[PDB]
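Engineer:
Chains as they are written, first to last, in the numbering used here: chain A, 6 to 615; chain B, 42 to 652; chain C, 42 to 652.
(1) Excluding sequence positions up to five away, which residues of its chain have a Cβ less than 8 angstroms from the Cβ of residue 581 (chain C)?
(2) Between residue 553 (chain C) and chain D, is any beta-carbon pair separated by less than 9 angstroms?
(3) Skipping 5 residues on each side, what residues in its chain have a beta carbon closer than 6 angstroms to that of residue 228 (chain B)?
(4) Taking residue 545 (chain C) as the query, report the chain A residues whose CB atoms sit under 7 angstroms from its CB, ordered along the chain.
(5) For the region 365-377 of chain C, which residues have a CB atom closer than 8 angstroms to at least one CB atom of chain B, in sequence order?
(6) Counting pairs of beta carbons, one from the region 296-315 of chain B and one from the region 197-207 of chain B, are three or more of them closer than 8 angstroms?
(7) Under a Cβ-count criterion, where at least 16 other Cβ atoms within 10 Å of its own Cβ denotes burial, should residue 429 (chain C) be classed as buried or exposed?
(8) Are the region 351-366 of chain C and the region 325-339 of chain C touching, with three or more C-beta to C-beta distances below 8 angstroms?
(9) Taking 6 angstroms as the limit between beta carbons, can you name the residues of its chain near residue 122 (chain B), skipping five residues before and five after?
(10) Determine, for residue 157 (chain B), whether the minimum Cβ-Cβ distance to residues of chain A falls below 9 angstroms.
(11) Taking 9 angstroms as the cut-off, decide whether the C-beta atoms of residue 553 (chain C) and residue 487 (chain C) are in contact.
(12) Exposed or buried, which one is residue 294 (chain C) when buried takes at least 16 other CB atoms within 10 Å?
(13) For the region 112-136 of chain C, list every residue whose C-beta sits within 7 angstroms of some C-beta in chain B, in sequence order.
(14) Out of curiosity, what's the CA-to-CA distance linking residue 411 (chain B) and residue 64 (chain C)?
(15) So, under 8 angstroms CB-CB, residue 639 (chain C) and residue 450 (chain C) are touching, yes? Tell me the CB distance rounded to an integer number of Å.
(16) Can you name the start and end residues of the alpha helix (DSSP H) that residue 173 (chain C) belongs to?
(17) Between residue 68 (chain A) and residue 107 (chain A), how many whole angstroms is the CB-CB distance? I'm expecting something under 8 angstroms.
(18) Does the beta-carbon of residue 426 (chain A) have 16 or more other beta-carbons within 10 angstroms, so that it is buried, or is it exposed?
(19) At a CB-CB cut-off below 8 angstroms, which residues of chain A make contact with residue 492 (chain C)?
(20) Residues of chain C with CB closer than 8 angstroms to the CB of residue 420 (chain A), please, in chain order.
(21) Taking the continuous beta strand (DSSP E) assigned at residue 564 (chain A), which residues delimit it?
(22) Which residues, in order along the region 294-317 of chain B, keep a beta-carbon less than 7 angstroms from a beta-carbon of chain A?
(23) Between residue 343 (chain A) and residue 437 (chain A), what straight-line distance do the alpha-carbon atoms span, to the nearest angstrom?
(24) Which residues in the same chain have their Cβ closer than 7 angstroms to the Cβ of residue 227 (chain A), if we skip the five residues on either side of it in sequence?
(25) Give the DSSP bridge partners of residue 647 (chain B), in chain order.
(26) In the DSSP assignment, find the alpha helix (DSSP H) that holds residue 483 (chain B) and state where it starts and stops.
(27) Look up residue 258 (chain A) in the DSSP assignment and say whether it is helix, strand or coil.
(28) Contact criterion: CB-CB distance below 9 angstroms. Does residue 547 (chain A) meet it with respect to chain B?
(29) What residues in its chain sit with their C-beta under 6 angstroms from that of residue 595 (chain C), if we drop five residues either side in the sequence?
(30) Inspect the beta-carbon positions of residue 634 (chain C) and residue 525 (chain C) and report whether they are closer than 9 angstroms.
(31) Residue 275 (chain C) and residue 265 (chain C): beta carbons closer than 9 angstroms?
(32) Drop a sphere of 10 angstroms on the beta-carbon of residue 595 (chain A), count the other beta-carbons inside from all chains shown, and report buried for 16 or more, exposed for fewer.
(33) Would you mind reading off the limits of the alpha helix (DSSP H) that contains residue 203 (chain A)?
(34) Given that residue 196 (chain A) touches chain B, what residues does it touch there, using C-beta distances under 8 angstroms?
(35) Between the beta-carbon of residue 92 (chain C) and the beta-carbon of residue 186 (chain C), is there less than 9 angstroms?
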């Protein structure tokens, strides 16, 4: 029928040939209780009947998530997180959340449950119930049992499935979840705004439904671009983000007010009954959500006194390594594929027990991978069942001896015109093709150790191995000549002078645990308060979890600085109502002093285990 | 705005571009039939009375004009437009009819209105309507336009010269699609390029906006295409029965009226030559190695005084003439030859015809000689001191100037279609793959085929003095097969010395220099497929890709002959079938191949040596 | 041979070398005082009446003539001898007196017989005695000799010209050791290069044949040299008290009579110029940046007719002039500049004076201009339109041609010797390490120091038009310190555009172009150490390495000032001490530094701008 001299070569409707494929790709627009339809992609393996469903709710294009590679094999199209479920021939379902890509409705960044912050009548929990109810009734190859798994935002939606859960939901696996974006997850770390992690993200995810408009750049080095803008508000304005909803929310709520308090997932889940078995999967070097997963176990563990529901896994992983291969992270090398080992030996037996009635594998309450020693440990609690103070001392020393001094302090000048680069320049966006953003938390800290606007303390080389576990807390007694200040505290494992197993790692200042504190929230996280100039004030800074052995020949190091640019916006070092729109005149040099006396003993509070 | 209910995504978002050094104008220009074409106009800020540089593409004009998502004009344009962007030209990219943002139907390389186009419009009429709108609606322009582009964009550049708009002042066609059957993208002298054709026809023609893309079931393509058996079963496994260009490829395996009427060299020869042309070809172009030299050959006699036509032949692969070209695989050239050509030859060429700038004395032929690493000014291609001689295949794997004796002599091998010779070392992957080295393949080390028993090898002794070659080598092959069909692959190789002090890792390197394939069924007529007489010594004329090279002292000249180049080319069954696209499995049989070297049958490479 | 008892190793073994294209002749030539020097003579087979190219080295002649263990002469000789090997010259490498295979005592860069040499022999007498033997005992020789070499081999090449043998017809000294105190290997205007001097003196002088080598207890040299405190404690930690050159360095920290009488530029200026000289210098020489330009400066007026001295300044690091030089770090040049110079300039220069081949018109000054990427023929260095301009440091981190009118204006920083500025990003490793990038350190990105509070930064706005600079930039620094001693590091940087279309990963790249350090105690006189006046504005004249550069549009000109460059240079205590080599730990104190920019004190970079 085709005419070679006039007809278009492109057919009116093309349908790819998928009869040689080992799976069926079912695309559906499931209507919610308010009539709004959500784009749902259902991957049913061929040759199977009565198989469980593994569900993931994503704001990152379900049709691209279920197409890792353009392949005829189900094992090749699914994300690496779904490797064990694909091998077990589960039904794999990816759904676009309300308002994103193929799904209808409006979009609200991490849409909270119905209440004071949500008056739409629906939320992620109601949308999940309507989705699961349709899947268990309209997929004949299913056994009527559903599980929800996912990382970061997909981990946030996974946690939302447990609120008023559908009877078909049997278990959840939330990886590196978004729990509290203000306290220490994606947008802020104890008040300090993550301008680089928030602004391009909000632009790409909220300018259009289908990410058709993406963040433009005028400079390869982001350090220079964010410094020239002066503040986060001017960078957002330079991209015309005034109409972007999440930027409106970020600019209007810089403090831990009612908006962030009511959204805290750990606070929310504690105020709800716990019935869905949970496998909390966290990473020690998670550069995006290091606060989420351990805080989640801390408040959910007393709700499960025995251990019939809540399980916590803490591996040596960056943000996404728990969901993929993890044999190494930067120059650190672990004992085999830790990520692959976890999903095959812990996650799949966990899922198969609640979804296919398979024998229940004895999983500990806490499964922690100890770095340095390179071993998985079965623990009853986190931290496991001595607390010690590691004091900053004179001549750049770090030790367990309490200073008996009357007036002793270490001094440096912090200049906002020259902020300390969080990494060696050029600094590039996390999504750039040549980005090592995933390896930044194990970065060598020697580039800052030589700086005059950074303080350094270190122990003598250790003769015997030292084991640390749990959460270190920095008891910082510090003074500033200004009326505001950011306080960065880093715990570093200094490798020996010479390393026989890897010579080029000699003297390597490996960052182990580090975090920032915006001083204006010292007395109250909800109310921004000015600091008294030259006055010595006490700071309580809990740092990311540690599960490490400081091996013999290694040193324990502490580094203190007043900036971490361009990841965090600069503190002007003079009090302003909102640092998002701080005037250029407010950015001024300040004399910073870390005190170490009997009255003011600055130290790291660590759990040492034998 | 209510934080408790309102959608965070605004109804209409417009990016902030007032701090950009350029303005982006997106226009749906209506053609003479009412069909609108998506046109992306990039105007440098503050500029006035500047020319326009137009490129017509089937590869997403909105993506071509966004190399990087930048506020700088220098960063958004393809590297090809680096000199035009620096000169502050208006850069325009338009989606061709039926592709991406444009309306209408899509016909693969849509030919001129006539027996193969009854729609009423073609690329030349669409170009005329586009140029007319541009010079009338862009006030920053001086009313002068030039068309530049490579491959398909080179084909559209050539179509601008047919019934040209008076505002078109010059054209720069790079590595253009000229003859898809004779030796460009789809076939090489009848041998079908299944790997370059099937995934490309699928991706560009399944949907208007390339929303449905070629799927894979195997990493190694060699394995995938061999298991399918023939090109037809590979196309049917992807459900390509409704894709128009596949229907054309399957219905026209021979060089019939369909391909003869579409040959750009033959078409442009029948039309007036009025627009100045700068033909840019590459010596190692892995996609369109036939087009550019054939274009100069047919258009040079139409311009005797050398007023409009110029031919540039660089040491480039398919895309290197339009970007940086300091090296290609292990070969290292004297600086960025790509950037050197655009800044010193292409930009002064354009500036003269578009801004009345002083006329640069560009030669008739600008040829880069490999080995010697030097650009030459030539009056013709090949240059006319010079001498055209024969390089005879000899006994004991020798290659020399000595003519063969009368006595019976030949080299024998068995070609097994169940074990086709891989065109590259395995695993073979598609050209678009992230880790693909498809652009470097024409300079591959041929040592992997040299030790194979289903491959014939001949080599000279190490040269004591340099040997210079220029022009097109022609293989005069006298060969017999025990089958009724055969493919004949002829390769010219520069064998690097045993030890190389400049780069030790390159010792013994059998660098491919000029190679092509001939489908034996088209020995007497390219338009009609005829069977080969079994065991009969038959003569083949195989013209090979252009050369401009110095075989340096210590180097050897090598000739390799084989009967398969898989999976890039589909296998010849070695038994005559009406259509090799749908050849049944029983037709694929082993054959005894003989390359004869006697006084009566002197197999040789006809090369043009220059002093 | 008995398989059950006899040793498998024969008493005497001789390698089979009759398949080699060269003859290796090894001789112990006696000097005028009876001391024998190990000489390795490589004679190409099948050649008579061919010249000799001599190289005198303290770096194992038997190892230098064995680049690769090969049967081909082109494979055993250093890349420097690639053109002389192809021309089939006799290549000779000799161990200098007291090193490896040679007899006698060893004196580091043994000066001519005089107040610093009472032995009766020197490099010039040993050369005369060597050339006389070679011309009388090699029958394949034509009787003509040329001396070529780089660094120490360049220093011995320069010594061949003092009272030269009648057979010496030409010299090609590359990146020569001229003045180890002023700005070459050991010191740069007083600042001691501890990392370059101590491991070298240890390896070259602990034993005759380098059998005992410098040991290490730390991967990062920054920490190791900082823990030592001073250079003296570092030398004591390896037990270098008996090492002769260390005794000389420790006893002569200032530019006294020891260093003054050894300056090759001052020494050659008070000697007749008879031997044709081809001075080969590199723009980015990380070892001998001072030597070669200073040689032309003092030897050019001795040859006003330009019939003997020629200066060549390429875009090369220390060793790139003697090998392949297509790039340096992220910088990319137009082809192999190193190979281009040796084939087209050095070989025709040698063949004219050694084989009577036609004289090539070599310019007086042959300079490669970076940025523009072009070789220029100049009549003098710097070229004569040209004018001297002042590039003033200004307020708000600005740099411009506007002279300040302010009465009180300066930029302040605190220099902390406990935290010295790392000369490179850590870990800093020795130059001889396998993974070392020591050769690319002068083109290092300077953004790591730009954000530091103990570093001052000034930059122009992006250039609208290109700015060409040539010759030697001189830093006229007006600075004060709260201490009584200081080091002043002045850096000239080419800031690449915010975004680079040719190479995106190079956006914002603070490329170092020309930089040097000045030891403050020598402000008024290099020969005597003098304390600085605390809190007083003092004038410093700091000549910086040669420039031949075009600051392209979009690029910025940047100046950076700091007080340390560790561990390459030892720390200035910042309090006056008699000898910094043995400076006590309590002498190292923090100091408030100020760079003034007033009408009375206008700190600027004196640059030669050309049209």
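Cβ coordinates follow ideal geometry from the N, Cα and C atoms, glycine included.
Structural biologist: Walking through what the data contain:
(1) Along the third chain, read from residue 1 onward, the residue named residue 581 (chain C) stands at position 540. Excluding sequence neighbours, residue 581 (chain C) sits near 516, 517, 518, 519, 520, 529, 559, 561, 564.
(2) Absent here is chain D; the protein component of the structure consists of chains A, B and C.
(3) The residue labelled residue 228 (chain B) in the question sits at position 187 within the second chain. Cβ neighbours of residue 228 (chain B) beyond the five flanking positions: 222.
(4) Your numbering for residue 545 (chain C) matches position 504 in the third chain. Result: 225.
(5) Those residues of the region 365-377 of chain C that come within reach of chain B (Cβ to Cβ, closer than 8 angstroms) are 365, 367, 373, 374, 375, 376, 377.
(6) The region 296-315 of chain B makes contact with the region 197-207 of chain B; the number of CB pairs closer than 8 angstroms reaches 3 or more.
(7) Here residue 429 (chain C) refers to the residue found at position 388 when the third chain is read from its first residue. Exposed.
(8) Using a Cβ-Cβ distance cut-off of 8 angstroms, the region 351-366 of chain C and the region 325-339 of chain C are in contact, since at least three pairs of beta carbons, one from each stretch, lie closer than that value.
(9) Along the second chain, one-based indexing puts residue 122 (chain B) at 81. Correct list, in chain order: 132.
(10) Counted from its first residue, the second chain places residue 157 (chain B) at position 116. It does: the Cβ of residue 157 (chain B) has a partner Cβ on chain A nearer than 9 angstroms.
(11) The residue given as residue 553 (chain C) occupies position 512 in the third chain. The residue given as residue 487 (chain C) occupies position 446 in the third chain. Contact flag set, yes.
(12) Here residue 294 (chain C) refers to the residue found at position 253 when the third chain is read from its first residue. The residue is buried, with at least 16 neighbouring Cβ atoms inside 10 Å.
(13) 113, 115, 116, 123
(14) Residue 411 (chain B) sits at position 370 when you count from the first residue of the second chain. Residue 64 (chain C) sits at position 23 when you count from the first residue of the third chain. So the alpha carbons of these two residues sit roughly 34 angstroms apart.
(15) For this step, residue 639 (chain C) is matched to residue 598 along the third chain. For this step, residue 450 (chain C) is matched to residue 409 along the third chain. Residue 639 (chain C) to residue 450 (chain C), Cβ: 5 angstroms. Contact.
(16) Numbered from 1 along the third chain, position 132 holds the residue referred to as residue 173 (chain C). Element bounds for residue 173 (chain C): 164-178.
(17) As a first step, residue 68 (chain A) is located in the first chain; it is residue number 63 there, counting from the start. As a first step, residue 107 (chain A) is located in the first chain; it is residue number 102 there, counting from the start. Confirmed, about 7 angstroms.
(18) In the first chain, the residue the question calls residue 426 (chain A) occupies position 421. Per the 10 Å Cβ criterion, buried.
(19) Working through the third chain from its first residue, we reach residue 492 (chain C) at position 451. Result: 228, 423, 424, 425, 426, 430.
(20) Numbered from 1 along the first chain, position 415 holds the residue referred to as residue 420 (chain A). Contacts between residue 420 (chain A) and chain C, judged by CB atoms closer than 8 angstroms, involve 494 in chain order.
(21) As a position in the first chain, residue 564 (chain A) is number 559, starting the count at 1. 560-566 is the extent of the beta strand (DSSP E) around residue 564 (chain A).
(22) none
(23) As a position in the first chain, residue 343 (chain A) is number 338, starting the count at 1. As a position in the first chain, residue 437 (chain A) is number 432, starting the count at 1. Spanning the two alpha carbons is a distance of roughly 26 angstroms.
(24) Start at 1 with the first residue of the first chain, and residue 227 (chain A) comes out as number 222. Here the set comprises 201, 432, 433, 434, 571.
(25) Against the second chain, residue 647 (chain B) aligns to sequence position 606. Note: residue 647 (chain B) sits in a beta bridge opposite B:431, B:515.
(26) On the second chain, residue 483 (chain B) is found 442 positions in, with the first residue counted as 1. No alpha helix (DSSP H) holds residue 483 (chain B); DSSP gives it neither H nor E.
(27) In the first chain, the residue the question calls residue 258 (chain A) occupies position 253. Coil at residue 258 (chain A), not helix or strand.
(28) The residue labelled residue 547 (chain A) in the question sits at position 542 within the first chain. Chain B contact via Cβ: absent.
(29) What you label residue 595 (chain C) is simply residue 554 of the third chain in a count that begins at 1. Closer than 6 angstroms at the Cβ level, and outside the excluded window around residue 595 (chain C), lie 503, 538.
(30) Working through the third chain from its first residue, we reach residue 634 (chain C) at position 593. Working through the third chain from its first residue, we reach residue 525 (chain C) at position 484. No, the Cβ-Cβ distance between residue 634 (chain C) and residue 525 (chain C) is not below 9 angstroms.
(31) One-based indexing of the third chain puts residue 275 (chain C) at position 234. One-based indexing of the third chain puts residue 265 (chain C) at position 224. Cβ atoms of residue 275 (chain C) and residue 265 (chain C): closer than 9 angstroms.
(32) Stepping through the first chain from its first residue, residue 595 (chain A) is reached at position 590. That one is buried.
(33) Within the first chain, the letter at position 198 stands for residue 203 (chain A). Start and end: 200-211.
(34) Numbered from its first residue, the first chain carries residue 196 (chain A) at position 191. Using a Cβ-Cβ cut-off of 8 angstroms, residue 196 (chain A) is close to nothing in chain B; its nearest Cβ partner there is about 20 angstroms away.
(35) Locating residue 92 (chain C) in the third chain gives position 51, counting from the first residue. Locating residue 186 (chain C) in the third chain gives position 145, counting from the first residue. Yes, Cβ-Cβ distance for residue 92 (chain C) and residue 186 (chain C) is below 9 angstroms.
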